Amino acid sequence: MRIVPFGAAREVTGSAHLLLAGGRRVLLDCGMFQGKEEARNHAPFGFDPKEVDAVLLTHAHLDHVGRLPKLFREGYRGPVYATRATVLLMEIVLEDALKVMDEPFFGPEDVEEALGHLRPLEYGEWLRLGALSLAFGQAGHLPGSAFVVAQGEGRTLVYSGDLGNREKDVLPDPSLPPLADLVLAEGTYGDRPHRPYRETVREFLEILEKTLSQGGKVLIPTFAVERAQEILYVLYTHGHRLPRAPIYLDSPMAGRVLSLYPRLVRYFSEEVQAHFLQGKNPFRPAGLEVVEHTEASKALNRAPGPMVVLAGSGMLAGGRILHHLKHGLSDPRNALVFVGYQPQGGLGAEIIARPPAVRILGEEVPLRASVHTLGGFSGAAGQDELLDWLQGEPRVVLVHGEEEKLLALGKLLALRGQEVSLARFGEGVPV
């Protein structure tokens, strides 16, 4: 029993780790690389897809699934286990990836084939391959997200997948992992903890009452998946004290995902589940409008406030969000609220530097609108949660993170008495 990291090593994208045991070859996630590594999506897996016994998906995010369709494009035909939640989201995630890709390293035929081999595997459901026993654990990062517990050959391995930020309210608490011989964990925020949740919300509401009352615009760049609808959850449970204004979720993808949420209620927190029991959908606050096409989206740049806008991409790497910022970032009455991580080097970081006037889509636009960064809205376990989850495990191999962050976490792990390393590309570790 060994685990060979095949992505997300000293990096965050490309998450894919081949589990070798019981004579079987199980594949944990099969995500795509993003941004700078993008090209490497064309390069070879590093293993023979045809020799894989069965693959497990921790969640539907593209960086853990974006490459699956490639796997099949190259021969794989085995089973792909996930939660119904991951399965349903996944369809949306991929279909979009197709349209977004410049260099489509796969096609509709591959996606269709991939989705075809998806077989449901819910929490506490034990799968058996060879002498190997597998099971999903509650990770709380996305609806239906999980961490893997691989047990066999008298050894125990845990692959954390992505862990959630337990402070928030939509998803359930991530679960503590079982005591294992080896833990292959993520460390996206291995360097720092997050701003508390309570105070980021309070601050959020504050920015809202002030911007809306003066009749301005609240521009919220967002990811179409958990993030978009989670912001809506706040608007829904605080709408009573919030000033009346249309809430434009100007992102079709976010819609499709939102439309899908009432079918996944069991995948949320007890709180979210209680609301649904009362016959209500807490992901649709009053005044919500899902903007489907360009014309209406453009119209919003010219229309006056007060209004709240949600658009992607959550990293300003394009999307309608640009066109919004291009036109409302120059008015001081408008507010810009970042509710997710902005990659360094990107426009987000730039705008946050707060220069006199950023450039957006071939034109310099003055920057008067206020800017705010609510890192407390992060969907990832901050360093303090990472330490608590990992607490107790003897051995730990860190994947998913920038070497610096991973290192930072390791120092703490080491000083704590935990044998730890930084997974290297294609270099299986002894379970």
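Numbers for residues come from their place in the sequence shown, where the first is 1.
Chemist: Once you work out the mean C-alpha B-factor for both 361-369 and 376-384 from the entry, which is higher?
Modeler: Stretch with the higher mean C-alpha B-factor: 361-369.
Chemist: If you average the Cα B factors in the entry, which is higher, 93-101 or 185-193?
Modeler: Stretch with the higher mean C-alpha B-factor: 93-101.
Chemist: From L132, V308, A311, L176, pick the one with the largest CA B-factor in the entry?
Modeler: Of the options given, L132 has the highest CA B-factor in the PDB entry.
Chemist: Highest Cα temperature factor in the entry, among the options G75, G255, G164, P143: which one is it?
Modeler: Among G75, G255, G164, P143, the highest C-alpha B-factor in the entry belongs to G75.
Chemist: Could you tell me which third, lowest, middle or highest, the C-alpha B-factor of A60 occupies within its chain?
Modeler: For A60, the deposited C-alpha B-factor lands in the lowest third.
Chemist: If you rank every modelled residue in this chain by C-alpha B factor, which third holds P262: lowest, middle or highest?
Modeler: Middle third of the chain for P262's C-alpha B-factor.
Chemist: Quick one: classify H240 as lowest, middle or highest third of the chain based on its Cα B-factor.
Modeler: As the PDB entry reports it, the C-alpha B-factor of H240 lands in the middle third of its chain.
Chemist: Which third of the chain does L329 land in by C-alpha B-factor: lowest, middle or highest?
Modeler: It falls in the top third of the chain.
Chemist: Would you please rank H17 by its C-alpha temperature factor against the other modelled residues of its chain and give the third it falls in: lowest, middle or highest?
Modeler: CA B-factor rank for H17: middle third.
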